[PDB]
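**Q** Just passing along the structure, written as structure tokens.
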Amino acid sequence: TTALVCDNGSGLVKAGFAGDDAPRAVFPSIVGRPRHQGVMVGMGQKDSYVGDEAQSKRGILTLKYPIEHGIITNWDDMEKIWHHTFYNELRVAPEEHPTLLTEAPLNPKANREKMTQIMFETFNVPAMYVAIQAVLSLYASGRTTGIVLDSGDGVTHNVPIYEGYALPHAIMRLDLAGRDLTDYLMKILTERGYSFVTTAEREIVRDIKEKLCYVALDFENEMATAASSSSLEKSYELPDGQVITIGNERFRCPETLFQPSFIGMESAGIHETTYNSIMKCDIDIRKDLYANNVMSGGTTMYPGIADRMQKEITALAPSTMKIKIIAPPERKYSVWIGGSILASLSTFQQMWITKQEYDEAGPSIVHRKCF
Amino acid sequence: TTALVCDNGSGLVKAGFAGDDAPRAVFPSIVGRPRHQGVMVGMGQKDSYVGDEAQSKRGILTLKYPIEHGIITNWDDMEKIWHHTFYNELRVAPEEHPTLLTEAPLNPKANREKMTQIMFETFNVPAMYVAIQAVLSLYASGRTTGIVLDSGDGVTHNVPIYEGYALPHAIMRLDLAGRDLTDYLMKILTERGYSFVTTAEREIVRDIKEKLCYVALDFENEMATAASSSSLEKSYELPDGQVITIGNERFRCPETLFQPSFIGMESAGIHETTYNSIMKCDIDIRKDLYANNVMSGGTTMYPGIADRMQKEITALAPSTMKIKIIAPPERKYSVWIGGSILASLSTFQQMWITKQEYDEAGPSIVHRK
Amino acid sequence: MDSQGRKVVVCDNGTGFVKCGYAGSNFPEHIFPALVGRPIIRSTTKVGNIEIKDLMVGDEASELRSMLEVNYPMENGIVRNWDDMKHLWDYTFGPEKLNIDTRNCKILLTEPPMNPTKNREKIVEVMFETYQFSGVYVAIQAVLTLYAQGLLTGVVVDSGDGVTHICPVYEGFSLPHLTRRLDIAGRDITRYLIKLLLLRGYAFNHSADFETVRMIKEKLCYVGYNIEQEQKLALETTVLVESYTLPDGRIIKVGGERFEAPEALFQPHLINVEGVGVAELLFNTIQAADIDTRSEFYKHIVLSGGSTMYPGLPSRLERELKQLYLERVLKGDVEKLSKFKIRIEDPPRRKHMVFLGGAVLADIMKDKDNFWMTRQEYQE
Ligand SMILES: Nc1ncnc2c1ncn2[C@@H]1O[C@H](COP(=O)(O)OP(=O)(O)O)[C@@H](O)[C@H]1O
Ligand SMILES: Nc1ncnc2c1ncn2[C@@H]1O[C@H](COP(=O)(O)OP(=O)(O)O)[C@@H](O)[C@H]1O
Ligand SMILES: Nc1ncnc2c1ncn2[C@@H]1O[C@H](COP(=O)(O)OP(=O)(O)O)[C@@H](O)[C@H]1O
Ligand SMILES: [Mg+2]
Ligand SMILES: [Mg+2]
Ligand SMILES: [Mg+2]
């Protein structure tokens, strides 16, 4: 048999088989329950809906995310999504396939201990592993040195890696990601009078965000430009043919990646957080990290985020040296690709956790193997 | 008339008149600025807050320390803390009191110069002097020989002194200190899923550090007992009434002093750097340094640190001779107390840099006294 | 008034009620409903010698409503018809009430928080381009109730007619990223009360009926303190069934509807608003604030506006905040809850604490410079 790769993203679950180039399942990590008690019979068929049917039916459904800020929050619903992945999306009996899962850095330790227990005691997998998402991005980039900015649905984190060694004290984490940018977009549109609020309707703001938002390369110049011309305004058609309009809200939304004070965070922005992590590595390493910024994860898809990042870091770093932002188009799937690579290598096959190890070590084994 | 002794710690400013035995004001070396727009008439709305005032209004302030690693990184804020100290804490006009300041060894000389410019040009002090913190500590302990281990909020340093002669070549400095232990405690608490990322919340993690942490006497036995019987866990109550519990974090945190690879810097721990400072001294002096190993500064207040220190040095040094870790109860103030003594001595009264001498020779006179 | 003899009026233009008087007053002059109406003939109602003008406003429109089509010029804090709002303002400053020579007055308005942008722009416009006021200001609902309470710290729970807002303020610093809007307010409880009285077999459908059911609400409705015991009381015994007399003299019986209707504030799904109720939505606001500010916010919950006046709302709101705190912060340490300090400031004057707050603020700042927007600074 061949291993599965299952990136338990905060936003989209991405799953498939090790060795393939792109995931054979992608679906939203949501669980939906009906708003209204009034089932009929036969129809009204389930207590809860998972993944794509919960997007499709969403007008009747309260949607909850089992993952918040990269930590599993509702294990019963998270188990439901894993069950859905293997038995409905992949149609695989997991008892005979090794499954590589993923995690964000600096999570609670109890998170991955509970995670590995379910794999061995509910899905009774032969083997599994729990790789750090940023490390996987370098596999998809085909390189062994660089600083990975991964910013997903729920967490932004930086792991610097040099010559194949991580530098665990320079890792930095910032709980801004695609969720908070959507809630901020959902806020700022009240200035127009476009209320939304409903958790179903947040999925529409999410789609508005993906299709119209961009990062200004000079925020204050674009703000003063939006005061002058309609040129930035783009309309959007809601599902009922109400056409909303959005202007400077297009770029104020992702700007709070760089000015977290917009949503009351005290943190520095993503550019300065990256720079601070380089200035936490040794002098000889820094020369290489500046050349090898690797962006990863969904929110790095905003138009212009590469240029804005490159502009900002070159203003903080010493001017005598090249800074380059590596940003392939497939950087949304980097983490799944990097998992599929890792699980294919012959040198990896020795380091699976296996049932025979879990049976003697208990759940704590994950703190011993997966480093 | 009385001298004015002012220890500008990286964490706590400690100031008071000479000729008495404890600081008259101790307050944190913090300035804060409003993070939000004020929207009501008749609030204070000061552009900054200092010390205990900023610490109380902490919920709506960004907090900055003007000193980092014993270097004054923002002079505009540092003069603000001195201004608060003289006029509001000591309630004294500095124009009438000669002032004794303190500084760490192996520190950029521009710091001492600029500090002295401020005193003579802004506060008009009639005379002033700058003393090495580790040498002051021996005065408080009442002796003329020993190796002094200061560890403050921002810096750790070793200074051996024998019969009142310093050995400048044996001075060793290590920027691991109470700040790095705080940031490291913040990091490891996330393993239990707490979060303390703001600058305000770091003050709560500092308060945890001061209240719960202790140094392991044998680190692997504490790890093994924590992971099995788990009787080591202690609770703590947050400002909002949430109760956290922490376990082996209580001793993994200060163990960084002995294993700084936890933070990732390759240096020796405080024990082995102390041993190296002795082993750099001449053979005859080594005997008396082992007998007078004097701890100082607040980071040495951890329970068990004096015990662990003796255990570690005795594993390194020849077994034929005694090692005694001197650790008074007052070791938080041994730096300030030393200044109160030195400024009171009748023999010291010629050593002040007088305003007339500064006017003739500028800030560079600090290098000559 | 001002030193220059200029009258300093203070004016809340709520979606329910205009509340408009002079600065420094302890009471509002001239409470009246924000209403406009126009004469119509009904074949089912008596016509008489009472003169009905071709348009009527405010109090008169609400009492003659039995022969009027009636409109609320403002909804959810947003102006729907600027023409009817002009008429309502023309009545407010008119000979009926505050008979002011507007061109010489200073006027303090208020605007709801996080309201639409062009709403405020057109409000400020008309004050300088039709009434020609000598000075304007647009105060914030949250800070005004804090002036009426004399406080500098608290979380306001302003529950007006159109919408309910939670707004933290700490030591006079605003916390605008913590503002929370709840869509349920007193207009929807009245729409909900109609829908329940329809289930007892009554009918209320005309524009004039909407005001009548509002008065039924204000007289009879109350927030249940412990919803299980209120349902038990209604099922076990008849005592809740209380009569009311419509203007047509038809007697209606009102029963458990008295507490079912206000309950939408705490179980929003009952009126198809998705979300969590005012108690939980408030709690989720405190738990978002910086950790040490939380213990002050719990000691200064400030209620404001008429939809808080339901008998028992502070008592109920205390209970849920305590249950939320025991559940989510103390993790069930029910003995430790006894140390929790919580205060709900429930002044009986709170129905007008926004206007009372403006009268304090305008009296403190009647003659200062940087406060009032002058018509000299306008039109640039
Ligand atoms: N084209 C796009 N432009 C900007 N943001 C996007 C785009 N597509 C997706 N996103 C954001 O990506 C986030 C998902 O990140 P992703 O890495 O796919 O999930 P996870 O981080 O859970 O693995 C979503 O919240 C969405 O808002
Ligand atoms: N009882 C204690 N246990 C552990 N650490 C402490 C204790 N008291 C103070 N500290 C820490 O020591 C530092 C303050 O000590 P201090 O000697 O005043 O530093 P400095 O003099 O350099 O400002 C802070 O980091 C504080 O958290
Ligand atoms: N005694 C009362 N008990 C409960 N609700 C009331 C009472 N009196 C008035 N109300 C409600 O409160 C509102 C009165 O207007 P107000 O509180 O001034 O709101 P606004 O200031 O937003 O216009 C109306 O929605 C009315 O239904
Ligand atoms: Mg991701
Ligand atoms: Mg010190
Ligand atoms: Mg109101």
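Ligands are numbered from 1 in the order shown, chains are lettered A, B, ... in the order of the structure tokens, and residues start at 1 in each chain.
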Let me see if you get this right: every residue at most 10 Å from ligand 4, counting only C-alpha atoms and all ligand atoms, written as a ChimeraX atom specification.

**A** /A:7-14,70,102-104,133-134,150-156,177-178,296-299,332-336

**Q** For ligand 3, list the contacting residues at 7 Å or closer, counting only C-alpha atoms and all ligand atoms, as number ranges by chain.

**A** C: 13-18, 159-162, 185-187, 190, 214, 217-219, 305-310, 351

**Q** Would you write out those residues with N, CA and C atoms, as an mmCIF file, in the first residue's frame?

**A**
```cif
data_model
loop_
_atom_site.group_PDB
_atom_site.id
_atom_site.type_symbol
_atom_site.label_atom_id
_atom_site.label_comp_id
_atom_site.auth_asym_id
_atom_site.auth_seq_id
_atom_site.Cartn_x
_atom_site.Cartn_y
_atom_site.Cartn_z
ATOM 1 N N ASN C 13 -31.734 61.974 18.430
ATOM 2 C CA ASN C 13 -32.684 61.612 17.381
ATOM 3 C C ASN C 13 -32.725 60.094 17.224
ATOM 4 N N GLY C 14 -33.272 59.448 18.247
ATOM 5 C CA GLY C 14 -33.436 58.011 18.213
ATOM 6 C C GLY C 14 -34.449 57.571 17.175
ATOM 7 N N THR C 15 -34.342 56.299 16.780
ATOM 8 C CA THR C 15 -35.341 55.727 15.884
ATOM 9 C C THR C 15 -36.692 55.590 16.566
ATOM 10 N N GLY C 16 -36.703 55.424 17.882
ATOM 11 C CA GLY C 16 -37.937 55.474 18.633
ATOM 12 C C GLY C 16 -38.373 56.886 18.952
ATOM 13 N N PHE C 17 -37.624 57.561 19.820
ATOM 14 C CA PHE C 17 -38.074 58.798 20.441
ATOM 15 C C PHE C 17 -37.031 59.890 20.270
ATOM 16 N N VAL C 18 -37.493 61.074 19.869
ATOM 17 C CA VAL C 18 -36.706 62.290 20.015
ATOM 18 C C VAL C 18 -36.677 62.691 21.482
ATOM 19 N N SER C 159 -29.147 49.603 24.588
ATOM 20 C CA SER C 159 -30.183 48.818 23.928
ATOM 21 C C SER C 159 -31.332 49.759 23.603
ATOM 22 N N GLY C 160 -31.247 50.394 22.449
ATOM 23 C CA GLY C 160 -32.237 51.360 22.024
ATOM 24 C C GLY C 160 -33.453 50.697 21.425
ATOM 25 N N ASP C 161 -34.056 51.390 20.467
ATOM 26 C CA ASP C 161 -35.196 50.890 19.717
ATOM 27 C C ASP C 161 -34.741 50.036 18.541
ATOM 28 N N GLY C 162 -33.829 50.560 17.730
ATOM 29 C CA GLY C 162 -33.459 49.933 16.479
ATOM 30 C C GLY C 162 -32.402 48.849 16.563
ATOM 31 N N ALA C 185 -33.392 44.484 18.911
ATOM 32 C CA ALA C 185 -33.725 45.593 19.793
ATOM 33 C C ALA C 185 -35.234 45.789 19.774
ATOM 34 N N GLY C 186 -35.686 46.814 20.495
ATOM 35 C CA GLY C 186 -37.082 46.941 20.879
ATOM 36 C C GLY C 186 -38.081 46.945 19.741
ATOM 37 N N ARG C 187 -37.667 47.339 18.538
ATOM 38 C CA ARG C 187 -38.573 47.259 17.396
ATOM 39 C C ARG C 187 -38.869 45.817 17.012
ATOM 40 N N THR C 190 -41.241 44.038 19.347
ATOM 41 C CA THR C 190 -42.618 44.400 19.031
ATOM 42 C C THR C 190 -43.144 43.646 17.815
ATOM 43 N N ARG C 214 -46.859 48.282 20.835
ATOM 44 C CA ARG C 214 -45.732 48.800 21.607
ATOM 45 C C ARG C 214 -46.149 49.146 23.029
ATOM 46 N N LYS C 217 -46.598 46.097 25.044
ATOM 47 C CA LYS C 217 -45.279 45.630 25.458
ATOM 48 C C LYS C 217 -44.788 46.379 26.687
ATOM 49 N N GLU C 218 -44.761 47.707 26.605
ATOM 50 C CA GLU C 218 -44.224 48.524 27.686
ATOM 51 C C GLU C 218 -44.980 48.313 28.993
ATOM 52 N N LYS C 219 -46.295 48.102 28.921
ATOM 53 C CA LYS C 219 -47.065 47.856 30.137
ATOM 54 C C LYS C 219 -46.832 46.461 30.703
ATOM 55 N N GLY C 305 -30.782 53.005 27.720
ATOM 56 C CA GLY C 305 -31.808 52.956 26.702
ATOM 57 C C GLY C 305 -33.009 52.117 27.102
ATOM 58 N N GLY C 306 -34.139 52.436 26.469
ATOM 59 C CA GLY C 306 -35.426 51.991 26.970
ATOM 60 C C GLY C 306 -35.649 50.496 26.896
ATOM 61 N N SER C 307 -35.009 49.820 25.945
ATOM 62 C CA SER C 307 -35.140 48.369 25.876
ATOM 63 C C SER C 307 -34.395 47.640 26.981
ATOM 64 N N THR C 308 -33.733 48.344 27.892
ATOM 65 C CA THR C 308 -33.272 47.734 29.128
ATOM 66 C C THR C 308 -34.299 47.798 30.248
ATOM 67 N N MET C 309 -35.388 48.539 30.069
ATOM 68 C CA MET C 309 -36.313 48.806 31.162
ATOM 69 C C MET C 309 -37.205 47.623 31.513
ATOM 70 N N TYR C 310 -37.134 46.520 30.772
ATOM 71 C CA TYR C 310 -37.926 45.346 31.097
ATOM 72 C C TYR C 310 -37.667 44.919 32.539
ATOM 73 N N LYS C 351 -33.106 55.333 31.262
ATOM 74 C CA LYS C 351 -33.822 55.466 30.000
ATOM 75 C C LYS C 351 -33.358 56.679 29.204
#
```

**Q** At a cut-off of 12 Å, using only C-alpha atoms, what residues contact residue 143 (chain A)? Leave out same-chain residues fewer than 5 positions from it and give the result as a short mmCIF file (atom, residue, chain, number, x, y, z; two decimals) with N, CA and C atoms, in the first residue's frame.

**A**
```cif
data_model
loop_
_atom_site.label_atom_id
_atom_site.label_comp_id
_atom_site.auth_asym_id
_atom_site.auth_seq_id
_atom_site.Cartn_x
_atom_site.Cartn_y
_atom_site.Cartn_z
N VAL A 135 8.58 23.25 7.58
CA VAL A 135 9.63 22.37 7.06
C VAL A 135 9.20 21.75 5.74
N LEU A 136 7.93 21.34 5.65
CA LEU A 136 7.40 20.76 4.42
C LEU A 136 7.45 21.73 3.25
N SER A 137 7.40 23.03 3.50
CA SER A 137 7.42 23.97 2.39
C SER A 137 8.73 23.94 1.62
N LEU A 138 9.85 23.65 2.29
CA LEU A 138 11.12 23.58 1.58
C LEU A 138 11.21 22.36 0.67
N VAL A 148 10.91 30.17 5.74
CA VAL A 148 9.56 29.91 5.24
C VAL A 148 8.59 30.80 5.99
N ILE A 161 15.32 27.81 8.33
CA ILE A 161 16.07 26.58 8.15
C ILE A 161 17.34 26.91 7.38
N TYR A 162 18.48 26.44 7.88
CA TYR A 162 19.76 26.64 7.21
C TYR A 162 20.42 25.30 6.97
N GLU A 163 20.86 25.08 5.73
CA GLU A 163 21.58 23.87 5.33
C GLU A 163 20.94 22.59 5.87
N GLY A 164 19.62 22.58 6.00
CA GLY A 164 18.93 21.43 6.52
C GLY A 164 18.81 21.35 8.03
N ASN A 292 16.51 33.62 0.34
CA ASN A 292 15.65 32.45 0.18
C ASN A 292 14.40 32.57 1.03
N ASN A 293 13.71 33.70 0.95
CA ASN A 293 12.36 33.79 1.51
C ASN A 293 11.40 32.93 0.69
N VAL A 294 10.74 31.99 1.34
CA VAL A 294 9.75 31.12 0.70
C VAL A 294 8.40 31.41 1.33
N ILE A 326 10.90 34.03 -2.92
CA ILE A 326 10.48 32.89 -3.73
C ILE A 326 8.99 32.68 -3.54
N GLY A 338 4.95 18.93 -0.05
CA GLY A 338 6.09 18.58 0.77
C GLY A 338 5.88 17.34 1.61
#
```

**Q** List all protein, DNA and RNA residues that have any atom at most 6 Å from ligand 2, counting only C-alpha atoms and all ligand atoms, and write the list as a list in words.

**A**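 After applying the 6 Å limit, what remains is residues 9, 10, 11, 12, 152, 153, 154, 178, 179, 206, 210, 297, 298, 299, 301, 302 and 332 of chain B.
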
**Q** Need to verify the contact set: region 340-354 of chain B, 6 Å, only C-alpha atoms, exclusion of same-chain residues closer than 3 positions in sequence. Can you return it as a list in words?

**A** residues 18, 19, 127, 128, 129, 337 and 357 of chain B

**Q** Can you check which parts of chain B lie within 12 Å of ligand 5? Per residue, the shortest pair of atoms and distance in Å to one decimal, counting only C-alpha atoms and all ligand atoms, sorted by chain and number, as a Markdown table.

**A**
```
| residue | atom | partner | partner_atom_place_in_ligand_line | distance |
| --- | --- | --- | --- | --- |
| B:6 | CA | ligand 5 | 1 (Mg) | 11.1 |
| B:7 | CA | ligand 5 | 1 (Mg) | 7.4 |
| B:8 | CA | ligand 5 | 1 (Mg) | 7.2 |
| B:9 | CA | ligand 5 | 1 (Mg) | 4.1 |
| B:10 | CA | ligand 5 | 1 (Mg) | 5.9 |
| B:11 | CA | ligand 5 | 1 (Mg) | 7.0 |
| B:12 | CA | ligand 5 | 1 (Mg) | 7.2 |
| B:13 | CA | ligand 5 | 1 (Mg) | 8.4 |
| B:14 | CA | ligand 5 | 1 (Mg) | 9.0 |
| B:26 | CA | ligand 5 | 1 (Mg) | 11.6 |
| B:28 | CA | ligand 5 | 1 (Mg) | 11.3 |
| B:29 | CA | ligand 5 | 1 (Mg) | 10.8 |
| B:67 | CA | ligand 5 | 1 (Mg) | 10.9 |
| B:68 | CA | ligand 5 | 1 (Mg) | 11.6 |
| B:69 | CA | ligand 5 | 1 (Mg) | 10.3 |
| B:70 | CA | ligand 5 | 1 (Mg) | 8.4 |
| B:71 | CA | ligand 5 | 1 (Mg) | 11.9 |
| B:101 | CA | ligand 5 | 1 (Mg) | 11.9 |
| B:102 | CA | ligand 5 | 1 (Mg) | 9.0 |
| B:103 | CA | ligand 5 | 1 (Mg) | 8.8 |
| B:104 | CA | ligand 5 | 1 (Mg) | 8.5 |
| B:105 | CA | ligand 5 | 1 (Mg) | 11.9 |
| B:132 | CA | ligand 5 | 1 (Mg) | 11.1 |
| B:133 | CA | ligand 5 | 1 (Mg) | 7.9 |
| B:134 | CA | ligand 5 | 1 (Mg) | 9.8 |
| B:136 | CA | ligand 5 | 1 (Mg) | 11.6 |
| B:137 | CA | ligand 5 | 1 (Mg) | 10.9 |
| B:149 | CA | ligand 5 | 1 (Mg) | 11.3 |
| B:150 | CA | ligand 5 | 1 (Mg) | 7.5 |
| B:151 | CA | ligand 5 | 1 (Mg) | 7.0 |
| B:152 | CA | ligand 5 | 1 (Mg) | 4.2 |
| B:153 | CA | ligand 5 | 1 (Mg) | 6.2 |
| B:154 | CA | ligand 5 | 1 (Mg) | 7.5 |
| B:155 | CA | ligand 5 | 1 (Mg) | 7.8 |
| B:156 | CA | ligand 5 | 1 (Mg) | 9.0 |
| B:157 | CA | ligand 5 | 1 (Mg) | 10.6 |
| B:177 | CA | ligand 5 | 1 (Mg) | 10.0 |
| B:178 | CA | ligand 5 | 1 (Mg) | 10.0 |
| B:179 | CA | ligand 5 | 1 (Mg) | 11.7 |
| B:296 | CA | ligand 5 | 1 (Mg) | 8.8 |
| B:297 | CA | ligand 5 | 1 (Mg) | 5.8 |
| B:298 | CA | ligand 5 | 1 (Mg) | 7.3 |
| B:299 | CA | ligand 5 | 1 (Mg) | 9.0 |
| B:300 | CA | ligand 5 | 1 (Mg) | 11.0 |
| B:331 | CA | ligand 5 | 1 (Mg) | 10.6 |
| B:332 | CA | ligand 5 | 1 (Mg) | 8.1 |
| B:333 | CA | ligand 5 | 1 (Mg) | 8.7 |
| B:334 | CA | ligand 5 | 1 (Mg) | 9.7 |
| B:335 | CA | ligand 5 | 1 (Mg) | 7.5 |
| B:336 | CA | ligand 5 | 1 (Mg) | 9.1 |
```

**Q** Which residues are near residue 310 (chain B)? Cut-off 8 Å, only C-alpha atoms, ignore same chain within fewer than 2 positions. Put them as a list in words.

**A**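 These residues fall inside the cut-off: residues 306, 307, 308, 312, 313, 314, 323, 324 and 325 of chain B.
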
**Q** Suppose we keep C-alpha atoms; can you now write the selection as a tab-separated table (two decimals), in the first residue's frame?

**A**
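The result, written out as result_34.tsv:
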```tsv
chain	number	residue	atom	x	y	z
B	306	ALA	CA	23.09	28.80	45.99
B	307	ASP	CA	22.88	25.05	46.58
B	308	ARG	CA	23.08	24.13	42.89
B	312	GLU	CA	28.38	22.48	40.23
B	313	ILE	CA	31.61	24.27	41.20
B	314	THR	CA	32.61	21.42	43.53
B	323	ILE	CA	33.94	26.20	48.35
B	324	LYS	CA	31.50	28.59	50.06
B	325	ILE	CA	28.70	30.36	48.16
```

**Q** At a cut-off of 10 Å, which residues of chain A touch chain C? Count only C-alpha atoms and give the answer as an NGL selection string.

**A** :A and (35-36 or 62 or 184 or 187-194 or 197-200 or 261-265)

**Q** Please report, as a ChimeraX atom specification, each residue of region 168-349 of chain B to which DSSP assigns alpha helix (DSSP H) when run on this structure's backbone.

**A** /B:178-189,199-212,219-226,249-252,270-280,283-291,305-316,334-344

**Q** Distance cut-off 12 Å, counting only C-alpha atoms - which residues of chain B neighbour chain C? Return them as a PyMOL selection string.

**A** chain B and resi 34-46+55-62+195-204+237-244

**Q** Would you write out, as a Markdown table, a table of all residues in chain B that have an atom no more than 8 Å from an atom of chain A, listing for each the closest atom pair and the distance in Å to one decimal, considering only C-alpha atoms and ordering rows by chain and rising residue number?

**A**
```
| residue | atom | partner | partner_atom | distance |
| --- | --- | --- | --- | --- |
| B:190 | CA | A:108 | CA | 5.8 |
| B:191 | CA | A:108 | CA | 4.3 |
| B:192 | CA | A:108 | CA | 5.4 |
| B:193 | CA | A:108 | CA | 4.7 |
| B:198 | CA | A:266 | CA | 6.2 |
| B:199 | CA | A:266 | CA | 8.0 |
| B:263 | CA | A:169 | CA | 6.2 |
| B:264 | CA | A:169 | CA | 6.5 |
```

**Q** Limited to N, CA, C and O atoms, could you put the picked residues into a file as a short mmCIF file (atom, residue, chain, number, x, y, z; two decimals), in the first residue's frame?

**A**
```cif
data_model
loop_
_atom_site.label_atom_id
_atom_site.label_comp_id
_atom_site.auth_asym_id
_atom_site.auth_seq_id
_atom_site.Cartn_x
_atom_site.Cartn_y
_atom_site.Cartn_z
N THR B 190 3.40 27.91 26.38
CA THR B 190 2.55 27.54 25.26
C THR B 190 2.41 26.03 25.11
O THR B 190 1.47 25.57 24.46
N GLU B 191 3.33 25.25 25.68
CA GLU B 191 3.17 23.80 25.65
C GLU B 191 1.95 23.35 26.43
O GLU B 191 1.37 22.31 26.13
N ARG B 192 1.55 24.12 27.44
CA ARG B 192 0.28 23.91 28.12
C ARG B 192 -0.86 24.71 27.50
O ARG B 192 -1.99 24.63 27.98
N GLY B 193 -0.58 25.48 26.46
CA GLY B 193 -1.60 26.20 25.73
C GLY B 193 -1.98 27.55 26.27
O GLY B 193 -2.95 28.14 25.78
N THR B 198 1.62 39.72 24.49
CA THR B 198 1.78 41.16 24.52
C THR B 198 2.85 41.58 25.53
O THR B 198 3.29 40.81 26.39
N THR B 199 3.28 42.84 25.41
CA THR B 199 4.24 43.42 26.35
C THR B 199 3.64 43.60 27.74
O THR B 199 4.37 43.54 28.73
N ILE B 263 18.10 28.49 25.25
CA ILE B 263 17.80 29.63 24.40
C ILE B 263 18.60 29.57 23.11
O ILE B 263 18.19 30.16 22.10
N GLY B 264 19.70 28.82 23.10
CA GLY B 264 20.42 28.48 21.89
C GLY B 264 21.78 29.11 21.77
O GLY B 264 22.53 28.75 20.85
#
```

**Q** List as a PyMOL selection string the protein and nucleic acid residues near residue 109 (chain C), meaning an atom at most 6 Å away when only C-alpha atoms are counted, but skip any in the same chain fewer than 4 places from it.

**A** chain C and resi 11+137-138

**Q** I'd like the contact shell of residue 254 (chain A) - 7 Å cut-off, only C-alpha atoms, skipping same-chain residues fewer than 4 positions apart - returned as a ChimeraX atom specification.

**A** /A:181,214-215

**Q** Could you save the residues just selected, with N, CA, C and O atoms, as a PDB file, in the first residue's frame?

**A**
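Contents of the output file result-v8.pdb:
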```
ATOM      1  N   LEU A 181      -8.641  38.301   8.744  1.00  0.00           N
ATOM      2  CA  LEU A 181      -8.822  39.210   7.622  1.00  0.00           C
ATOM      3  C   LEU A 181     -10.259  39.212   7.127  1.00  0.00           C
ATOM      4  O   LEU A 181     -10.750  40.242   6.656  1.00  0.00           O
ATOM      5  N   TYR A 214      -6.397  42.873  -2.461  1.00  0.00           N
ATOM      6  CA  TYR A 214      -5.005  42.953  -2.879  1.00  0.00           C
ATOM      7  C   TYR A 214      -4.261  43.790  -1.854  1.00  0.00           C
ATOM      8  O   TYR A 214      -4.870  44.536  -1.089  1.00  0.00           O
ATOM      9  N   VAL A 215      -2.937  43.678  -1.858  1.00  0.00           N
ATOM     10  CA  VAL A 215      -2.085  44.453  -0.961  1.00  0.00           C
ATOM     11  C   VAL A 215      -1.516  45.651  -1.706  1.00  0.00           C
ATOM     12  O   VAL A 215      -0.894  45.498  -2.765  1.00  0.00           O
TER      13      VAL A 215
END
```
